[PDB]
Amino acid sequence: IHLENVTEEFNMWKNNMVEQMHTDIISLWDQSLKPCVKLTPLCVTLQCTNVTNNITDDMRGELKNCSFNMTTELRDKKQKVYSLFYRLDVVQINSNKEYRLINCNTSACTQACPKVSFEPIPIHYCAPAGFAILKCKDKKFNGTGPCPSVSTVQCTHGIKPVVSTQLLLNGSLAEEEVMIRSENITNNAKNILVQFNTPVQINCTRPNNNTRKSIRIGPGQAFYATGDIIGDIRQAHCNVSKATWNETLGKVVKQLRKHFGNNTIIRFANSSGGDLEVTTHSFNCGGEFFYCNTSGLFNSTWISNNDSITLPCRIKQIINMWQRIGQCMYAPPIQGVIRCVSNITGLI
Amino acid sequence: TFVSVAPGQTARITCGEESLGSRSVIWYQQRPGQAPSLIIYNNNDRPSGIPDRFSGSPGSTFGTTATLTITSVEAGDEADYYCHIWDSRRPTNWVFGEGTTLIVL
Amino acid sequence: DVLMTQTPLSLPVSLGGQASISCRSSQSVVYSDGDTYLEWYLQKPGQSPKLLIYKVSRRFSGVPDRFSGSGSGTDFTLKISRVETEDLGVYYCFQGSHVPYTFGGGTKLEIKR
Amino acid sequence: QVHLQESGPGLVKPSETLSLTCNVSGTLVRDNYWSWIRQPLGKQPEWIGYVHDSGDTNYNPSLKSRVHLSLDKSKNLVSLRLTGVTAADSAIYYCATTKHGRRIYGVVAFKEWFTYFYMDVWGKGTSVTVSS
Amino acid sequence: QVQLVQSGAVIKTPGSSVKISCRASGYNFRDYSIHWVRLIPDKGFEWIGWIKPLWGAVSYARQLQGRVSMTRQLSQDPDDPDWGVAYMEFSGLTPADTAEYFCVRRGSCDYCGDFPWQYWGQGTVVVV
Amino acid sequence: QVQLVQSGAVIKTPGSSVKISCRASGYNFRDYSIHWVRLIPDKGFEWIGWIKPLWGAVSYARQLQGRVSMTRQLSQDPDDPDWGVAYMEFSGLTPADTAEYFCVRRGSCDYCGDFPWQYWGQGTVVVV
Ligand SMILES: *[C@@H]1O[C@H](CO)[C@@H](O[C@@H]2O[C@H](CO)[C@@H](O[C@@H]3O[C@H](CO[C@H]4O[C@H](CO[C@H]5O[C@H](CO)[C@@H](O)[C@H](O)[C@@H]5O)[C@@H](O)[C@H](O[C@H]5O[C@H](CO)[C@@H](O)[C@H](O)[C@@H]5O)[C@@H]4O)[C@@H](O)[C@H](O[C@H]4O[C@H](CO)[C@@H](O)[C@H](O)[C@@H]4O[C@H]4O[C@H](CO)[C@@H](O)[C@H](O)[C@@H]4O[C@H]4O[C@H](CO)[C@@H](O)[C@H](O)[C@@H]4O)[C@@H]3O)[C@H](O)[C@H]2NC(C)=O)[C@H](O)[C@H]1NC(C)=O
Ligand SMILES: *[C@@H]1O[C@H](CO)[C@@H](O[C@@H]2O[C@H](CO)[C@@H](O[C@@H]3O[C@H](CO[C@H]4O[C@H](CO)[C@@H](O)[C@H](O[C@H]5O[C@H](CO)[C@@H](O)[C@H](O)[C@@H]5O)[C@@H]4O)[C@@H](O)[C@H](O[C@H]4O[C@H](CO)[C@@H](O)[C@H](O)[C@@H]4O[C@H]4O[C@H](CO)[C@@H](O)[C@H](O)[C@@H]4O[C@H]4O[C@H](CO)[C@@H](O)[C@H](O)[C@@H]4O)[C@@H]3O)[C@H](O)[C@H]2NC(C)=O)[C@H](O)[C@H]1NC(C)=O
Ligand SMILES: *[C@@H]1O[C@H](CO)[C@@H](O[C@@H]2O[C@H](CO)[C@@H](O[C@@H]3O[C@H](CO[C@H]4O[C@H](CO)[C@@H](O)[C@H](O)[C@@H]4O)[C@@H](O)[C@H](O[C@H]4O[C@H](CO)[C@@H](O)[C@H](O)[C@@H]4O[C@H]4O[C@H](CO)[C@@H](O)[C@H](O)[C@@H]4O)[C@@H]3O)[C@H](O)[C@H]2NC(C)=O)[C@H](O)[C@H]1NC(C)=O
Ligand SMILES: *[C@@H]1O[C@H](CO)[C@@H](O[C@@H]2O[C@H](CO)[C@@H](O[C@@H]3O[C@H](CO[C@H]4O[C@H](CO)[C@@H](O)[C@H](O)[C@@H]4O)[C@@H](O)[C@H](O[C@H]4O[C@H](CO)[C@@H](O)[C@H](O)[C@@H]4O)[C@@H]3O)[C@H](O)[C@H]2NC(C)=O)[C@H](O)[C@H]1NC(C)=O
Ligand SMILES: *[C@@H]1O[C@H](CO)[C@@H](O[C@@H]2O[C@H](CO)[C@@H](O[C@@H]3O[C@H](CO[C@H]4O[C@H](CO)[C@@H](O)[C@H](O)[C@@H]4O)[C@@H](O)[C@H](O)[C@@H]3O)[C@H](O)[C@H]2NC(C)=O)[C@H](O)[C@H]1NC(C)=O
Ligand SMILES: *[C@@H]1O[C@H](CO)[C@@H](O[C@@H]2O[C@H](CO)[C@@H](O[C@@H]3O[C@H](CO)[C@@H](O)[C@H](O)[C@@H]3O)[C@H](O)[C@H]2NC(C)=O)[C@H](O)[C@H]1NC(C)=O
Ligand SMILES: *[C@@H]1O[C@H](CO)[C@@H](O[C@@H]2O[C@H](CO)[C@@H](O[C@@H]3O[C@H](CO)[C@@H](O)[C@H](O)[C@@H]3O)[C@H](O)[C@H]2NC(C)=O)[C@H](O)[C@H]1NC(C)=O
Ligand SMILES: *[C@@H]1O[C@H](CO)[C@@H](O[C@@H]2O[C@H](CO)[C@@H](O)[C@H](O)[C@H]2NC(C)=O)[C@H](O)[C@H]1NC(C)=O
Ligand SMILES: *[C@@H]1O[C@H](CO)[C@@H](O[C@@H]2O[C@H](CO)[C@@H](O)[C@H](O)[C@H]2NC(C)=O)[C@H](O)[C@H]1NC(C)=O
Ligand SMILES: *[C@@H]1O[C@H](CO)[C@@H](O[C@@H]2O[C@H](CO)[C@@H](O)[C@H](O)[C@H]2NC(C)=O)[C@H](O)[C@H]1NC(C)=O
Ligand SMILES: *[C@@H]1O[C@H](CO)[C@@H](O[C@@H]2O[C@H](CO)[C@@H](O)[C@H](O)[C@H]2NC(C)=O)[C@H](O)[C@H]1NC(C)=O
Ligand SMILES: *[C@@H]1O[C@H](CO)[C@@H](O)[C@H](O)[C@H]1NC(C)=O
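Residue numbers (the entry's author numbering), protein chains in the order written: chain d, 84 to 141, 150 to 185, 187 to 309, 312 to 321, 321A, 322 to 398, 411 to 453; chain n, 8 to 9, 11 to 67, 67A to 67C, 68 to 95, 95A to 95C, 96 to 107; chain l, 1 to 27, 27A to 27E, 28 to 108; chain m, 1 to 82, 82A to 82C, 83 to 100, 100A to 100R, 101 to 111; chain q, 1 to 52, 52A, 53 to 76, 76A to 76G, 77 to 82, 82A to 82C, 83 to 100, 100A to 100F, 101 to 111; chain Q, 1 to 52, 52A, 53 to 76, 76A to 76G, 77 to 82, 82A to 82C, 83 to 100, 100A to 100F, 101 to 111.
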């Protein structure tokens, strides 16, 4: 319901309820891992080898074919069983070539239950009795200072939780302009949240056809490995359109020149460095994590006056989200060729 | 490995290893005492000189064996056939497949 | 601002022919009572704008058996069987959902020739 | 209209460098790839490899050292040198033209394609035999 | 306490690459950014870059790009989560780069910015 | 969705015993009963029995006792608790038993009975 003649100053940067949501989603992410299977019995010597594939010395395969002993239902007996792993999940311990998983020396790992999914469902945050939620209905609003048109509301609108580092996906579009947002633009340690009007459609896919393979560890314990690759061994990627992306970069240059002078050259670059899930944008697509390189998008320079971009991905199977000390998640493989469609909404 | 099917009938001559990825098979034939001669240069593509009815299995199929289908056979079809598979996963085959022999009544 | 969009703008339709006007919102039109408040209108030159439909498909008393509203959520569409000389002019969408109220962009109905 | 013609010794004493030549007819040596194939008696052929100008000279890695392919742009011929003839080398050998072509199965820029070869016309053969 | 311990002063040659470590202890190392600053005689201070040790996202000074590189090492045990190490590989050494280098951390107050560098390393003198 | 997948149509001899499976998917299989019904030309429908897949308690038509038998197979994994299989061994085959067989499930509404059979298998034709 609308509320007139009112001037409440807002602040998204010293805002609460983004602090407690960041606490709540981490805590609930942990609460969806207690019924699941621990991979304590799987930290073991691996006897890995190259996958059956045409091999060139210069090129490096992204997959390894690892055989290993594994326990069974019966404590006396054990079984030789093989799986397929990525390069990023195994390291070499040191003729022969025997590996192990990377997280073995720091943390026992937890398989995600394949029954539960990772897709966003929209949360509506609701105020309890004796409080209220105000909403800035203003159009041109950098999130700091007076909002002339506020309105109370029972609950917030649909907030779908996306996990993404760069290029935040499936978000809320702006009304008419493209709005950049910062706490102090003359400072550089604070990020610049960009939100643009017309979304850029991104198409990400994995052309491999995986077969999973249930491996019993113990009584009522199932480890979902990767069986054979059926078809061509290919590299996953994402596609955006060249025209719409160059158009939205033109829009964000046009809006970034409001704070930096009109006679200013604005160029982009790729990331300076860091861990894999901050040098490039990570996301989830149908239950599998992509780390998809963005040096193709953010390469431009701008002067004061049916194609597409194929940008390549990588897939980890273990993750270390929010960088804890003893927590990881072995994401299980999923059947078939996987693809999804998302609307890029904003930037960081 | 000899297959004969009365003249004018059909014949399905398989050759080579079962597929792993995408393939570009090449079918040759060999009249006795002569040089070879190409009949099929892609999965289902033929050059000039060789007529139709010499169909080939497509390379899009995963985990099947390369076949060569002939309808309305003749005594000129009676020769030694050869396959040369080019899989997108297995390395380069510098030697051809196994010699398959056709006979006719 | 729940700014409305009307597609298409102009519609040359011969008299007796069919016509349909689509409207799209930027938010849901749903109010707390469950009744989304959409109001399809009239305009003729030299006259005041008038009602056609005051709800989703609940037309005003004084409308013949040709006009109907339809749609859901954010996407809505008008339906007219036969176009008359009285059915000419400019039509409009409108939200009575929540303050501020917004109109559309106007749709002119003409005759094919 | 092309047809080839090989020429060689035919009688080979062992541990001796075998050499062969191949004439042309119609199409010259620059205009196409070249390839050498061997076939034993009652056996499938063995594609020894291919030669072309600008480094397109890959060999069978089984032999890989005792075989050297060559051209003749002065006289417009093709030639071959072999090294260390054993008893298995008695086979009928073939110079032939071949044609490339890209089988593309995925993204082009990600090198998800390969080039197959196919020999369209052939030589006529030299029944090389090793004997003492 | 909040402690920042660097490495000893080092003598390098022109064209070499120096690696300087900065061990931090006494706080949750994943939370606060680490800045690097230099002190040149007759030139004053000059900023080099920052690193956020949670993922390792860095940002460099514009006129030092291509030469500098910053990495970190976290503590992965449920007993000592406090300590951590930052690094700086400063490469393309010239005789002008003879200077004293500092690794700094901001304060912990509410109105503290990022650049009000509260805690300071003891400094490492690099002579080329 | 709620899916019921039967087996293919089968040809049997008099005096034999047919086994027909009914795989169910898309709901918690332990909750809802599975009924079996037959369709004979010039005779209409006829009920065969039900099975409650929680324990396997069955009930048969009175004029088919001694001939029919019904079993089930549950899903024992914490990943796919949804699917399940029902079976029907129909024995003492006569030439009159040439018919199309259906395995059905009731609805999920509150006023739904047991016999308002909402979901239907595609049918299996048995010719003797
Ligand atoms: C994000 O974007 C990126 C790019 O931006 C996307 O990446 C693309 O992804 C697709 C699929 O993932 C890839 O497609 C493959 O492409 C190859 C190459 O296609 C080209 O070459 C064909 C043949 O070349 C001939 O013609 C050209 C001139 O046209 C000539 O230069 C050449 O010398 C030769 O003469 C062309 O036909 C083809 O054109 C096709 O597409 C045109 C585009 O619109 C269209 O106009 C045409 O009409 C035609 O349809 C193109 O120029 C394809 O060959 C390949 O398809 C084969 O391989 C797969 C492998 O499994 C198989 O499933 C297919 O069925 C097909 O296999 C048939 O063809 C084989 C050819 O030898 C044959 O051996 C097989 O046996 C099989 O043949 C059987 O069936 C056919 C009928 O189907 C029949 O004719 C045969 O006789 C036999 O019965 C793939 O389609 C792209 O390469 C890739 N990159 C680019 C740059 O596009 C990415 O997907 C995007 N991501 C997302 C999520 O959207
Ligand atoms: C999954 O779990 C599986 C279950 O454990 C596991 O399988 C086991 O893996 C181990 C290690 O890979 C195997 O040990 C090896 O066994 C080889 C096979 O030999 C067996 O079979 C023969 C019949 O063919 C028997 O005759 C033979 O018995 C004889 O030899 C014994 C050796 O001690 C001796 O004690 C007996 O009295 C008898 O005389 C045996 O039962 C065996 O050959 C191998 O020894 C060498 O041989 C290999 C070449 O074939 C080498 O590549 C290999 O590396 C070994 O070299 C050793 O010796 C060299 C020269 O002295 C040294 O330089 C090397 O460093 C190395 O020395 C190491 O090994 C010595 C024992 O051999 C040891 O004394 C040294 O101190 C040093 O540690 C080796 O013994 C075992 O057999 C497997 N069991 C089964 C059932 O398969 C599997 O690996 C797991 N992973 C996967 C992916 O499946
Ligand atoms: C940004 O926002 C977009 C918009 O939502 C979003 O795209 C959507 O992503 C989801 C998740 O990846 C997609 O949902 C999957 O869709 C396929 C296709 O089936 C659906 O669509 C057809 C036609 O539209 C319908 O007929 C059909 O009924 C479905 O609705 C399904 O295969 C997927 O189902 C599996 O996963 C579910 C996860 O909960 C399970 O509940 C389900 O039962 C399936 O899992 C089971 O089956 C597998 C195969 O047998 C088996 O291997 C599993 O182990 C398990 O047993 C799923 O419904 C949706 O289609 C996308 N929408 C569009 C338009 O593309 C983007 O993902 C989002 N971006 C980001 C980054 O999140
Ligand atoms: C990752 O690496 C592992 C390494 O262990 C691979 O696992 C082995 O893969 C090979 C080849 O893919 C398999 O070998 C094949 O086995 C088939 C089935 O085995 C039965 O038959 C053999 C008789 O050959 C019996 O000894 C055995 O006990 C089984 O009863 C065979 O049918 C195959 O034979 C075919 O190919 C050979 C090639 O020489 C021909 O000579 C034959 O005539 C026939 O055409 C072949 O032997 C092996 O079984 C796999 N082991 C296991 C334990 O599964 C993975 O495949 C690999 N994965 C990937 C993705 O690369
Ligand atoms: C648990 O075990 C994991 C597997 O061993 C550890 O992960 C790897 O640990 C090494 C450290 O031993 C990291 O660094 C590597 O070090 C070697 C040798 O270091 C020398 O070279 C580097 C090059 O810059 C130099 O900086 C050093 O000072 C040494 O002079 C190098 O050859 C490697 O290239 C690499 O630099 C690895 O980075 C690390 N792996 C990953 C993926 O980060 C892990 O540290 C262990 N954790 C615990 C708590 O024990
Ligand atoms: C982001 O937008 C907000 C408003 O939506 C900006 O806040 C206000 O910005 C104006 C200038 O645009 C500031 O006015 C200045 O005030 C001082 C003292 O009053 C005066 O001396 C100057 O001449 C000028 O008029 C105003 O103070 C400021 N208000 C607040 C609370 O910050 C904000 O500046 C925008 N962000 C950036 C980085 O510009
Ligand atoms: C941002 O873009 C630049 C240039 O487009 C990228 O720099 C390039 O990075 C690659 C790999 O990191 C360098 O390749 C070489 O790889 C071999 C592998 O063994 C290694 O031995 C070499 O030392 C080098 O790493 C390439 O030379 C380099 N090019 C330049 C001009 O610096 C940079 O990686 C991009 N940033 C991100 C985060 O991707
Ligand atoms: C099998 O895989 C191993 C490694 O997994 C290969 O060994 C090296 O691989 C790298 C890239 O994967 C190449 O740059 C090296 O040149 C390889 N080493 C050697 C000595 O060549 C190995 O080549 C693969 N193939 C085989 C047949 O072992
Ligand atoms: C990935 O490979 C599997 C291999 O089983 C394919 O599944 C088969 O698909 C064919 C064609 O639709 C069916 O007739 C088989 O019954 C399927 N078998 C199984 C076990 O599912 C699957 O279609 C492939 N996926 C893609 C995208 O090609
Ligand atoms: C992303 O994938 C979608 C498919 O879901 C593409 O949308 C279709 O693209 C084809 C072009 O081949 C058009 O003919 C269809 O009309 C499109 N459908 C829809 C609903 O838009 C889309 O083009 C892809 N995006 C990029 C950048 O490649
Ligand atoms: C960033 O964009 C530039 C051009 O905008 C790309 O530059 C290309 O560089 C190669 C050299 O390897 C030249 O052959 C091309 O002609 C250049 N492109 C153009 C359009 O001139 C550069 O590749 C892009 N960055 C990345 C990482 O792809
Ligand atoms: C920036 O550009 C706008 C129009 O693009 C102009 O109105 C404004 O005066 C310019 N400001 C400066 C400082 O150049």
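For each residue, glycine too, the CB sits at the ideal point set by N, CA and C.
Relative to the C-alpha of residue i, which residue among the options is closest?
i, options, result
"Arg66 (chain q)", "q:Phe91, q:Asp31, q:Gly49 and q:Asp99", "q:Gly49"
"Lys335 (chain d)", "d:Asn280, d:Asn195 and d:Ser393", "d:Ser393"
"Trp36 (chain m)", "m:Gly104, m:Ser111 and m:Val2", "m:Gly104"
"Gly10 (chain m)", "m:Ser19, m:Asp31, m:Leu4 and m:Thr95", "m:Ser19"
"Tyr435 (chain d)", "d:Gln203, d:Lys171, d:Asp140 and d:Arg304", "d:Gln203"
Taking only three categories from DSSP, how would you classify residue i?
i, result
"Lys232 (chain d)", "coil"
"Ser110 (chain d)", "helix"
"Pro41 (chain q)", "coil"
"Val442 (chain d)", "coil"
"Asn195 (chain d)", "helix"
Beta-carbon separation of residue i and residue j under 7 Å?
i, j, result
"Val18 (chain Q)", "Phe82 (chain Q)", "yes"
"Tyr100B (chain m)", "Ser32 (chain n)", "no"
"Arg178 (chain d)", "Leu129 (chain d)", "no"
"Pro52A (chain q)", "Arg30 (chain q)", "yes"
"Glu164 (chain d)", "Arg304 (chain d)", "no"
"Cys92 (chain q)", "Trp47 (chain q)", "no"
Residue range of the beta strand (DSSP E) that residue i falls in?
i, result
"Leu129 (chain d)", "Taken as a continuous stretch (DSSP letters only), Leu129 (chain d) belongs to no beta strand (DSSP E), as it is neither H nor E."
"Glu92 (chain d)", "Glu91 to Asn94"
How many Å lie between residue i and residue j at the Cα?
i, j, result
"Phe9 (chain n)", "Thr74 (chain n)", "15 Å"
"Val29 (chain m)", "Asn76 (chain m)", "6 Å"
"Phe376 (chain d)", "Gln428 (chain d)", "16 Å"
"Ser33 (chain q)", "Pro41 (chain q)", "26 Å"
"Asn339 (chain d)", "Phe353 (chain d)", "20 Å"
What are the start and end residues of the alpha helix (DSSP H) that includes residue i?
i, result
"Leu175 (chain d)", "Taken as a continuous stretch (DSSP letters only), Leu175 (chain d) belongs to no alpha helix (DSSP H), being part of the beta strand (DSSP E) at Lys169 to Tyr177."
"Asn339 (chain d)", "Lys335 to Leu349"
"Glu370 (chain d)", "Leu369 to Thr372"
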